[PDB]
Amino acid sequence: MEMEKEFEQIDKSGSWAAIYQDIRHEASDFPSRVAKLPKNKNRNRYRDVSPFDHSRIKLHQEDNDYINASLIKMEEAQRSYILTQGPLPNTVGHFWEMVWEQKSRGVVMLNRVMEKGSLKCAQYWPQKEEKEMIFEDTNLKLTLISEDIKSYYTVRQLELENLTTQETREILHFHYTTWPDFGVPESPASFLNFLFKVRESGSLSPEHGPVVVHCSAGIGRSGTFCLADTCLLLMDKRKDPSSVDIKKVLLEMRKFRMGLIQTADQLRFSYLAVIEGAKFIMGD
Ligand SMILES: Oc1noc2ccccc12
């Protein structure tokens, strides 16, 4: 069923809450035993958001290999993403270690450091060229190279140096700065424009490690980003662009990380983004 018609049907009936609860009911449930070990309590921002053991990213150290991050691998679409929480004061070094070890080219950030008057994640990147950051626990150095501030997003060029080997890489920071404190954007135009900027960079392409994507918990706004990307990619690959069932794509993604899409408004916004984005993907 063409999703644009499914969309108008759900909207006229006002059954977004009912669709959403059906997804919650059918979603996968797998063990998260490593996340719940007492030694990892200060490595988790939220007590009810944990990576599944089967799909968690492991840090390459013998000490403690744990980070709140999951590898989402979409077989048909041929895309991988790592979804993670906003770094904590004691996990900033783990975060950049993961970026290094997984060979990521891009970091996508969908929240502000402060929202609703509270801290949603650590200030984990340098704000001035001449004031670089050093992560002593993981032996990395991070330098701001350049900054391009636009109305809806900011792109930063960063240099990440493995102090152990003195290799350096360029990381692109894509920061979406205008998601509202409550609800979802009224139009997806600016979100879609942001997605196409990340795509244009090469950060989502198979010659790099997976893109690292985060918000505060790494399930809501982060979920919306990778669901929309994957759905538009499938609508270009397959011979019938109307085979693409957004609910089935979401349940496939929820086999890799719990809670992707946090509200019935985020589910509706995801539909709107895919429907509006398709009017480029089909030749315009
Ligand atoms: O309709 C379709 N064309 O190509 C496909 C591949 C997978 C699933 C559905 C379809």
Side-chain angles (χ1 to χ4, degrees), residues 1-13 15-16 18-30 51-52 54-55 70-83 102 105-106 108 188-189 191-213 219-264 266-284:
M1 184 172 174
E2 162 64 355
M3 69 183 89
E4 186 148 28
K5 311 305 166 41
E6 188 190 350
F7 179 87
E8 292 186 346
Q9 181 252 305
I10 297 153
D11 236 16
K12 91 185 188 303
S13 39
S15 20
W16 283 111
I19 310 311
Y20 180 65
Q21 285 306 317
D22 290 355
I23 290 160
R24 276 171 42 97
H25 189 72
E26 288 298 281
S28 313
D29 190 21
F30 297 103
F52 297 141
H54 76 86
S55 61
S70 315
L71 183 65
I72 295 41
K73 294 180 307 194
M74 305 298 288
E75 206 181 6
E76 188 183 352
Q78 302 192 265
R79 275 276 215 255
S80 294
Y81 321 84
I82 290 165
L83 270 59
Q102 301 304 308
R105 176 78 198 299
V108 173
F191 193 70
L192 290 166
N193 181 56
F194 174 72
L195 167 63
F196 299 149
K197 299 293 188 175
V198 181
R199 279 183 172 195
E200 280 172 17
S201 80
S203 296
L204 287 165
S205 294
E207 56 259 31
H208 301 290
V211 70
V212 173
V213 3
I219 60 168
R221 303 173 195 176
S222 295
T224 307
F225 184 86
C226 62
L227 179 56
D229 183 49
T230 281
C231 283
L232 293 167
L233 206 51
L234 287 171
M235 283 170 78
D236 257 343
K237 197 196 213 52
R238 300 160 154 204
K239 322 219 320 203
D240 185 15
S242 57
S243 51
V244 182
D245 186 337
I246 177 162
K247 297 155 304 177
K248 285 212 188 74
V249 181
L250 177 51
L251 288 159
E252 188 64 29
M253 232 147 40
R254 285 203 177 205
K255 295 161 184 189
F256 292 92
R257 189 170 178 81
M258 59 171 74
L260 304 180
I261 309 300
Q262 275 183 299
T263 78
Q266 279 178 3
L267 182 66
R268 180 181 187 275
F269 179 77
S270 301
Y271 273 76
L272 275 174
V274 171
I275 292 159
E276 184 57 30
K279 304 178 201 287
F280 171 75
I281 293 327
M282 300 303 301
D284 201 332

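In listed order, ligands and their atoms are each counted from 1. One is the number of the first residue; the rest follow in order along the sequence. Keep in mind that the numbers below use all heavy atoms, side chains included, and drop hydrogens, waters and symmetry copies.
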Ligand 1 versus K237, non-hydrogen atoms closer than 4.0 Å: side chain, backbone, both, neither? neither
Residues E276 and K279 bridged, charged N to O under 4.0 Å: no
Per-atom contacts, ligand 1 versus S243 - under 4.0 Å to a heavy atom: 1 (O), 2 (C), 9 (C), 10 (C)
How are the rings of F7 and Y271 set relative to one another: parallel (under 30°), tilted (30 to 60°) or perpendicular (over 60°)? tilted
Should the ring pair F269 and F191 be called parallel, tilted or perpendicular, given that the plane angle runs from 0 to 90° and is split at 30 and 60? perpendicular
Test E26 against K247 for salt bridge (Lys or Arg N to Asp or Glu O under 4.0 Å), laying out the working first. CA-CA 11 Å; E26 288 298 281; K247 297 155 304 177; over 6 Å; no
Atom indices of ligand 1, in the order listed, that fall short of 4.0 Å to a heavy atom of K239: 3 (N), 4 (O)
Polar atom proximity, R238 to ligand 1 (N or O, under 3.5 Å): no
